[PDB]
Amino acid sequence: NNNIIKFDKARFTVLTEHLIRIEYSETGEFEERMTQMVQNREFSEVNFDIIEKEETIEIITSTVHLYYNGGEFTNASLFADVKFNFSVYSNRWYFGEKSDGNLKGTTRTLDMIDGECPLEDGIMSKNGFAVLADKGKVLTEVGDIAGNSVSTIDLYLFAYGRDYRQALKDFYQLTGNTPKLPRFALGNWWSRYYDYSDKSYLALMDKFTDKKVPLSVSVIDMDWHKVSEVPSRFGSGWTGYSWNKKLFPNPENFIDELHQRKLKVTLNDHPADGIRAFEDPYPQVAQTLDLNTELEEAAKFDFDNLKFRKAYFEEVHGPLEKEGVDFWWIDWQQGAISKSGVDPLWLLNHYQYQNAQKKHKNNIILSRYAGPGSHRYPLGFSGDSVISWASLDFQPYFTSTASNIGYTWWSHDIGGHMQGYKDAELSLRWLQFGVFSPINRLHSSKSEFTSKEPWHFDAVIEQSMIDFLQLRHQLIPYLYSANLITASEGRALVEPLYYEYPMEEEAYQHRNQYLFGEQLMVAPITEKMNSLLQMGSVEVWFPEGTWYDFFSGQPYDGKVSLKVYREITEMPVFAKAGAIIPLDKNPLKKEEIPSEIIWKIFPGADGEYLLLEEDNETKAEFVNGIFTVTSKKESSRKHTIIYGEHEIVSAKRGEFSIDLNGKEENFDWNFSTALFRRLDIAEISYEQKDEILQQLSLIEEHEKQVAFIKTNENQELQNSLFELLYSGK
Amino acid sequence: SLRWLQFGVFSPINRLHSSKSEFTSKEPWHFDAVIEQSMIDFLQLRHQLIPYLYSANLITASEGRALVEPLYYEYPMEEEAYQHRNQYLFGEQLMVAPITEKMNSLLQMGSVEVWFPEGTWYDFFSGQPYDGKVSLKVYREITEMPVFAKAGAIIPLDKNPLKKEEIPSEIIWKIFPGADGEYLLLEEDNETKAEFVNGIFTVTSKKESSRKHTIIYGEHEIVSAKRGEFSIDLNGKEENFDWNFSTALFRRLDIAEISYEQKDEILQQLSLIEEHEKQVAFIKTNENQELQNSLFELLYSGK
Amino acid sequence: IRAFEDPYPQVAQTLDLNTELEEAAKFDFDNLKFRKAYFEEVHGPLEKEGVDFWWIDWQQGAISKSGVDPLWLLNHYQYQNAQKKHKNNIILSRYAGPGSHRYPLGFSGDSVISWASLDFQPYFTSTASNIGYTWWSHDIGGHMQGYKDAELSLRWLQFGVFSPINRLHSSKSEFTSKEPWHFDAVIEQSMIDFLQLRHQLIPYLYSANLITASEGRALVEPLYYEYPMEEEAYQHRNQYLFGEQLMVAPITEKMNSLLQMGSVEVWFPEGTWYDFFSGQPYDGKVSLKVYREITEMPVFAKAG
Ligand SMILES: OC[C@H]1O[C@H](O)[C@H](O)[C@@H](O)[C@@H]1O
């Protein structure tokens with residue numbers, strides 16, 4: 001109320017020093033109701049100043065001057081100067097105009113996208129301000145669409161400068177926090193647009209077990225329902241709510257079998273053709289909606305209609321949930337048209353997410369992005385990406401940049417959805433990224449040739465995919481703790497580099513590089529390997545400090561930008577001196593919570609990690625070479641400790657503390673072994689290999705080893721040898 | 001024509017000659033003002049070198065040592081002495097690596113890969129230092145030639161190359177710091193020994209004369225036109241040449257036919273990054289491979 | 001005028017600003033009180049220190065509550081205010097639409113340093129006469145970004161000397177100075193010769209200036225002003241008349257290294273033409289490719 005100012009037909013609410021709501025009302029009434037985007041305008045009071053005259057008003061905070069000259073909002077009447085110097089003359093917002101500096105957000109979908117597509121703006125800007133227009137409908141108390149806002153213009157001016165994390169936290173306070181995911185969502189999902197039988201699906205699930213690949217989720221795509229069995233007078237088989245009985249003669253029994261294998265089960269739902277007269281639930285729906293059954297009147301999709309939504313959840317989904325379906329894959333691609341003006345995809349995500357909470361605690365959906373605030377309905381489903389290096393090269397940037405509009409749970413089809421071209425190396429690189437993405441869901445097109453099964457590929461590719469898929473389940477504790485941090489504290493699992501390093505120009509120059517939780521920095525390789533090196537590469541920016549390759553221990557002295565090379569089976573993931581990462585020791589075990597945690601410690605500095613769980617909190621501290629583990633509640637959990645290289649403690653129960661000062665701090669990784677391996681795999685001349693090995697062995701001074709490699713005629717081989725010299729310096 | 005004259009000046013004989021064409025005269029003023037001035041400077045340098053050449057000539061005749069030696073005469077067991085076909089020793093004090101390839105128009109500089117034997121080497125003209133043993137690509141403007149002297153080198157130069165003198169009335173003793181050395185100047189009617197031993201420079205002759213000696217220690221003229229035999233202490237004289245990384249970096253970026261954004265970024269990053277290994281890591285990311293090599297030469301010399 | 005500025009206390013008093021809340025005198029050229037404080041209390045003290053005229057350097061858009069382009073208000077009001085301190089005074093500012101020739105000089109701004117930019121500029125300059133904006137001042141040698149090429153800098157200065165205004169300017173780079181001695185001895189001497197030639201041309205330029213002001217004739221004319229019915233007068237975009245006695249065909253392409261010369265296709269109207277510098281003759285009417293060393297520029301005068 002002191003944070004509220006009316007002037008002419010406008011209303012201004014100073015929510016934080018850095019966040020102002022700006023409204024216009026012809027009627028003099030302004031909007032207090034929630035909207036599709038905004039769930040909460042309750043914020044603690046803040047200091048600001050006002051200069052009010054007859055004709056004009058200026059609102060002044062620590063970061064912004066907002067001016068209003070009266071009348072209708074125009075670029076001339078409503079504008080703001082930030083109190084920052086990030087630019088020479090892009091420090092002014094004008095109503096209705098775009099400025100430079102927006103770091104972007106996300107978009108609905110990657111359907112049919114081969115590589116890059118345009119993104120919407122987010123709330124983050126290098127120049128320190130962004131405007132988020134609220135164009136949505138108002139809600140009722142219980143979250144039904146109520147109609148048009150009486151605030152016919154309703155904007156949020158963000159003026160956080162480059163405090164991106166606080167901008168995002170306050171956005172979550174305005175639009176509501178992301179809910180907690182359930183632990184099962186963070187495991188591997190299996191999916192394929194393939195007409196499995198109950199028998200061939202269970203045989204595939206048992207082959208995953210036999211192949212030592214853990215799964216959390218069993219997706220059944222659209223061939224679960226009638227497709228070619230649909231008479232053409234009704235249109236296509238794309239939408240379906242009736243089991244194909246040939247393939248699934250006893251659905252509940254099939255779902256019981258997946259449940260006995262400790263899998264959660266989801267079905268594809270294409271809702272757009274509604275419930276037509278051939279469907280199994282049609283007689284019930286027709287009775288509830290008073291349809292003309294002798295004229296075979298369809299229950300057309302209509303999520304604006306309360307009776308339709310009830311029949312959809314109770315009489316269409318209800319019978320399938322009773323057969324054991326755990327959650328819904330909402331797969332909408334049929335446009336944004338409704339008589340209400342609300343995007344049907346928005347109505348589906350909002351209502352289905354709420355309905356999912358009835359059957360299961362912290363339940364999810366799987367659906368496309370439905371605009372600002374739709375993070376309240378995880379998980380994101382990016383859809384029909386084209387299978388290409390260009391698509392993979394876009395995806396890490398896409399994923400990290402989405403955190404800028406608070407949409408932090410994108411599930412991409414890992415390996416790409418459709419079209420494009422076969423390349424087992426592309427499939428393996430894509431799975432490496434997926435394992436270090438918010439969700440790891442293997443999925444593919446209707447092709448006989450696009451299965452993401454590891455054993456589709458040669459023995460090298462298969463073993464590497466199996467190792468990465470196991471690593472995903474090892475990461476579930478770290479992922480689930482970051483998930484609770486997203487839900488409780490408004491911090492993204494995947495952050496662009498500029499969230500941690502806002503003032504470092506290099507944090508804006510590595511689009512595909514990101515922080516993954518608080519302990520790991522990932523630089524996926526998204527380019528086909530150089531056949532002369534038998535290695536792929538990516539330019540990595542190393543922030544100030546000592547960094548270790550998470551897998552090898554190879555060290556890097558920051559701050560530096562350095563091209564790094566990896567075999568197709570290895571991924572650039574880095575941890576700082578002092579990093580502590582927990583890993584499940586038993587990733588193949590079907591355990592609700594890990595019976596055994598490996599604490600992986602990176603030497604050379606202090607650190608700590610807080611492991612949040614369903615029913616506990618465990619703190620791991622590393623302070624002057626003393627490692628301590630405590631928990632809120634006690635348990636039988638057995639702790640394993642790995643300090644750099646060496647397993648120090650194995651399966652020790654309860655709370656404890658152990659001194660690692662005089663333990664071996666150094667990893668195995670050495671310049672000589674790594675040099676030999678890189679030269680050995682290279683498809684270069686044996687004379688060159690022999691000369692490089694002899695000269696780098698005989699030349700003692702680091703500066704002369706570098707001078708030697710600088711004479712090499714292969715420019716990319718120079719860069720690979722320079723990486724090793726830089727790490728071995 | 002200019003690169004060829006640079007080599008000629010550091011060859012056994014410097015004879016300008018050409019065909020019956022109206023278009024092939026080797027007159028310096030045939031060419032533009034830049035080329036003309038550089039040819040005139042090299043042609044004057046040849047006459048400055050006559051004392052050094054004539055002493056090497058008497059050594060050829062009396063001792064059977066060539067003025068021009070392949071690297072493998074001095075370094076028979078070093079494989080790199082067999083891999084620099086155009087590199088040679090010129091007398092006992094100078095090592096020459098002529099540039100014999102058209103300049104890279106993006107750098108406005110020509111280059112040659114130089115093998116530096118064990119020891120500290122100085123560019124004879126600039127003082128730019130090099131720590132041997134190393135093989136390093138070196139870049140020069142078209143007006144400059146890679147000629148190198150070791151720490152301790154003493155080269156005599158005629159001070160009056162334009163004078164029509166039977167023997168020089170005045171010798172400049174050019175001394176390269178950081179080690180002991182000596183040079184014996186053989187002449188028609190004399191022998192003059194120049195010795196540099198724990199920072200003491202001594203000149204003696206077999207016979208006496210009116211000859212006036214000038215001394216240049218690295219950068220600085222220490223003595224001017226002093227007659228007869230003498231000895232002078234250079235220990236607490238300035239040993240370091242002027243050549244510096246910053247000036248050389250600015251000059252290379254300024255002449256380059258590259259983008260001004262690239263110039264600005266390279267100048268700012270190499271000025272702001274303090275650790276030598278990170279300056280090298282920075283230049284290693286450059287998309288221009290030959291510009292990397294040019295910047296690496298400067299970092300190597302400035303290390 | 002923000003609270004840290006030296007004239008702020010005076011402006012704040014005149015505009016009744018809240019100084020304890022450090023209320024800015026925001027730019028507002030629609031406002032008579034703002035314009036007066038700007039000319040009297042902001043420019044005024046600098047003019048008393050000796051500033052002769054104003055470089056108005058506006059790049060912040062066309063937004064005003066009046067709907068009048070702020071650049072238009074600046075050029076109209078500053079040009080008028082400049083006449084108080086000096087007779088026939090000028091500004092230096094961007095083009096503000098038809099009629100803004102009343103407020104010379106034009107300032108074209110932040111061109112990219114490239115052969116492509118130089119290749120555009122003569123056409124740009126001559127074509128502007130078609131909306132009566134005859135005093136464009138371009139940054140000679142180009143403003144920013146682009147790439148180093150001493151030959152581009154020399155060709156650009158040749159055009160500049162035969163342009164309405166010869167203003168050397170460049171970016172914040174340590175590497176973009178237009179000083180002649182930045183370049184090698186050949187380039188330096190040629191730049192010095194062209195810069196001296198500009199001052200030799202001042203009588204011819206000042207007489208054409210009075211003709212612009214009294215008779216409405218541009219200094220720089222496209223060929224089709226003199227030769228409206230000749231198809232070739234529409235096919236030499238970079239060729240122009242410079243006053244009434246000279247025809248200029250600048251070279252705006254990098255030299256052919258095999259010839260050590262640049263070239264341009266010149267249309268010679270009916271009559272006998274001489275290269276202004278060399279006397280080399282040409283019998284019109286003909287279209288002919290002409291070659292010059294980097295130090296020489298194609299400028300032609302008729303018999304008489
Ligand atoms: O259900 C069949 C297909 O429908 C749509 O194209 C979905 O986006 C895709 O994920 C699915 O496999």
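Naming convention: chains lettered A, B, ... in sequence-line order (proteins, then strands); numbering from 1 in each chain.
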Problem - Candidate pair B/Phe245 and B/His276, rule ring-ring contact (aromatic ring centres under 6.0 Å, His included), full reasoning - result: CA-CA 12 Å; B/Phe245 172 82; B/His276 184 265; 8.4 Å; no
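- For the 3.5 Å distance criterion, the side chains of A/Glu716 and A/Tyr565 qualify, holding a donor opposite an acceptor.
- In this structure, A/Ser62 and A/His18 have side chains that are in contact, with non-hydrogen atoms separated by less than 4.5 Å.
- Defined by atom type and a distance below 3.5 Å, a donor-acceptor pair is present between the side-chain atoms of A/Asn719 and B/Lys284.
- A salt bridge links A/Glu505 with A/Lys126: at least one charged nitrogen is closer than 4.0 Å to a carboxylate oxygen.
- At most 12 non-hydrogen atoms from other residues, nucleotides or ligands lie less than 6.0 angstrom from CD of A/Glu527.
- Between A/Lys361 and A/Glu614 there is no salt bridge, since no side-chain N of the basic residue sits under 4.0 Å from a carboxylate O of the acidic one.
- A/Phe394 and A/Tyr397 have tilted rings, their planes meeting at an angle from 30° to 60° on a 0 to 90° scale.
- Contact of the A/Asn188 side chain with the A/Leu215 side chain is registered, since non-hydrogen atoms from C-beta on lie closer than 4.5 Å.
- A donor-acceptor pair is defined here as one N or O able to donate and one able to accept, closer than 3.5 Å; no such pair exists between the side chain of A/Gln513 and the backbone of A/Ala523.
- For A/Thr486 and A/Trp409, the side-chain atoms include no donor-acceptor pair closer than 3.5 Å.
- Between B/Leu295 and B/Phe282 there is no side-chain heavy-atom pair separated by less than 4.5 Å.
- Note on A/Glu647 versus A/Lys585: salt bridge recorded, some NZ/NE/NH1/NH2 to OD/OE distance being below 4.0 Å.
- Note: A/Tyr164 and A/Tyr498 have perpendicular aromatic rings, judged against thresholds of 30 and 60 degrees for the angle between ring planes.
- Using cut-offs of 30° and 60° for the angle between ring planes, the A/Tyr501 and A/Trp541 rings count as perpendicular.
- Aromatic ring orientation, A/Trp410 versus A/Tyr407: perpendicular (interplanar angle above 60°, classes split at 30° and 60°).
- Between A/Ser437 and A/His412, the side chains place no donor N or O within less than 3.5 Å of an acceptor N or O (distance only, hydrogens not considered).
- Checked against a 6.0 Å centroid threshold, the rings of A/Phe667 and A/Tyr548 count as neighbours.
- Between the side chains of A/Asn661 and A/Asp659, at least one donor N or O sits under 3.5 Å from an acceptor N or O.
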Handout entry: Test salt bridge (charged side-chain N to carboxylate O under 4.0 Å, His left out) applied to A/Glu504 and A/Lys559, step by step
Key = CA-CA 10 Å; A/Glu504 297 284 328; A/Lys559 186 174 59 196; 3.1 Å; yes
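- Side-chain contact, A/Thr401 with A/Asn404: no donor N or O sits under 3.5 Å from an acceptor N or O.
- A salt bridge is defined here as a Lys NZ or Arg NE, NH1 or NH2 lying under 4.0 Å from an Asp or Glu carboxylate O, and A/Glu723 with A/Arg678 meets this definition.
- By the 6.0 Å and 45° rule, A/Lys169 does not stack over the aromatic ring of A/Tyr172.
- Using a 4.0 Å cut-off between charged nitrogen and carboxylate oxygen, A/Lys589 and A/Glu596 do not count as a salt-bridge pair.
- Atom NZ of A/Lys211 has more than 12 heavy atoms from other residues, nucleotides or ligands within 6.0 Å.
- Cation-pi geometry between A/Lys600 and A/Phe602 is met: under 6.0 angstrom from the ring centre, within 45 degrees of the axis.
- Within the structure, salt bridge (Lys or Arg N to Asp or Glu O under 4.0 Å) contacts touching residues 535-554 of chain A (residues at least two apart or in different chains) are A/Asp549-A/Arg566.
- No donor-acceptor pair closer than 3.5 Å links the side chain of A/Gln474 to the backbone N or O of A/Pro587.
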